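The structure under discussion appears below in the form of C-alpha cells.
For neighbour counting, all protein chains shown are included, and Cβ atoms are generated from backbone atoms with ideal geometry for every residue, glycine included. No value in this document is a laboratory result; all are computed from the given coordinates.
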Ligand SMILES: [Mn+2]
C-alpha cells in the first residue's frame, strides 16, 4: 500500500473541494488593480492598525473581522470590507450560487512575494463557519494538504494532495478538506507574486476579545 492509503485520503480531501473559474482574466486584472490599491493604502498607513499584518514575504489584510486559542478582535478594530470586494467578488459568487447572500462577513487578502508561504493549519473551527472560499490572483500556484513543516533540517513533508490553483481560480473548502486535515502553501510553489482573497463567515458564537 501507501499508494492506496494515500489515494484513499486524497479522495477524502477531494470530497471537500469544489473549484470554479467564473472570473475572466480581464475581470481578474481589474480586481488585481484594486488589490494593488489596498497595498498602496496600507503602505501609507491609512488603515486601522489590526487590518494590516506584515511578515517576511507575506502580508495579510483583514477586513470585516480579524483574529489573533484564536480570538476575534473587538468590533471596530479592523477595517470594513471594501465596496469593491462586495461588488466585484462576493456579489459574483452569490449570483453564481457559490455562497448564499449575506454569508460572507470576513475578507482577508494574503499577498505573497516569491518564496513566501503559509504553514500547515486548519482555519479555526471555533471562529469560522464553512465553507471557506478563496479566489486567487496575479499568478498560478498550488494549495497542499497534509504537509508537515519539519525542522533540523527545514523541510516540508509529502502532500496528501497537491491542488493546482491557477490565477482566477475559486476554491471552496468544506467537510474533510476544511476540518480534518491541514492546508498550506509551500515556499517552492510561490515563484511569482501571488495574492488570494479569502471569504468566510464567522460563527455566531465565535469568541471575541473585549
Ligand atoms: Mn487557511
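Structure above, values below:
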| quantity | calculated |
| --- | --- |
| Residue in the stretch 196-205 that is crowded, with 16+ Cβ neighbours inside 10 Å, within 15 Å of the ligand (Cβ to nearest atom) and farther than 25 Å from residue 39 by Cα present | no |
| Residues (within 13 Å of the ligand (Cβ to nearest atom) and either more than 22 Å from residue 5 (Cα to Cα) or touching a strand residue (DSSP E or B) at 6+ places or on another chain (Cβ under 6 Å) (or both)) located in the stretch 164-192 | 165, 171, 172, 173, 177, 178, 181, 182, 183, 184, 185 |
| Flag for residue 142 being assigned to a strand (DSSP E or B), in contact with a helix residue (DSSP H, G or I) (Cβ under 8 Å, 6 or more places away or on another chain), within 24 Å of residue 68 (Cα to Cα) and away from the ligand (no atom under 13 Å from the Cβ) | no |
| Sole residue being under 20 Å from residue 115 (Cα atoms) and surrounded by fewer than 18 Cβ atoms within 10 Å (Cβ to Cβ), chosen from 180, 140, 189 | 140 |
| Positions within the stretch 152-165 being out of contact with any helix residue (DSSP H, G or I) (no Cβ under 6 Å at 6 or more places or on another chain) and buried (at least 19 other Cβ atoms within 10 Å of the Cβ), in sequence order | 159, 163, 165 |
| One residue from 168, 115 being under 29 Å from residue 41 (Cα atoms) and surrounded by fewer than 21 Cβ atoms within 10 Å (Cβ to Cβ) | 115 |
